[PDB]
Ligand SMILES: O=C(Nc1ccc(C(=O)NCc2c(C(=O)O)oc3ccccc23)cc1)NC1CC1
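In structure tokens, the next block holds one chain alone, the form solved without the ligand.
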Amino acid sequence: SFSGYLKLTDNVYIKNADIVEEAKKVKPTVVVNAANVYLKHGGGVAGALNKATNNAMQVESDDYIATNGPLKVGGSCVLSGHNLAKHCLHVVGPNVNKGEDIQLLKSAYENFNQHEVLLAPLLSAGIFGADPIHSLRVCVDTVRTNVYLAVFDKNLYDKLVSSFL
């Protein structure tokens, strides 16, 4: 199972870890990808999860987009987890660097409630430009299912834990 996670609340846990390495080790039922609406997995968590699948996530995602069109900001889709997980829940948090509404971050986290347990990154954090402290607060106040947060950045992990109310 998951190991080395600090318990933040009844259902939210956090670890300073690369989500790709956590997924390879744990092979959870659901790994969350920090996706964009086009499922173009170029960088950050998406690029790293996709690279770990040898681009199979991108091929599957391109077929999904060709059939269904883009996701909404705040939306999600369930696709294969390939070699990393049973499923990948691709969730689109707002990208603040694109002027996307930060209120959609709560909508994005609501997608996690459809899954009993998830391995996930902090939505809209990192290259998406939102305040990770705010993202963790929205996570804890929105997600009711068991979420194991993998925070790649060590200094950010320390700051998130020490400032947690």
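Residues that one form lacks are left out of the comparison. Between two forms, the rigid core is defined as the largest C-alpha subset superposing within 1.5 Å. One rule holds for the numbers: they count along the sequence shown, beginning at 1.
The same protein has a further form, the form deposited with the ligand bound, not shown here; the description that follows concerns it.
- Site check by superimposition: the ligand, modelled from its position in the deposited bound form, clashes with the backbone and C-beta atoms of this form, with 3 or more atoms inside 2.4 Å, and the site reads as blocked.
- Using a 4.5 Å cutoff between non-hydrogen atoms, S61 does not count as a contact of the ligand in the deposited bound form.
- Within this chain, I19 lines the site of the ligand in the deposited bound form, having a heavy atom no more than 4.5 Å away.
- The closest heavy atom approach of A48 to the ligand in the deposited bound form falls within 4.5 Å.
- For the chain shown alone, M57 is not a contact residue for the ligand in the deposited bound form, no non-hydrogen atom being within 4.5 angstroms.
- In the deposited bound form, the ligand lies within 4.5 angstroms of at least one heavy atom of each of the following residues of 98-125: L122, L123, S124, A125, in sequence order.
- 125-132 is the only run of at least 3 consecutive shared residues whose C-alphas each shift by 2 Å or more between the shown form and the other one once the core is superposed.
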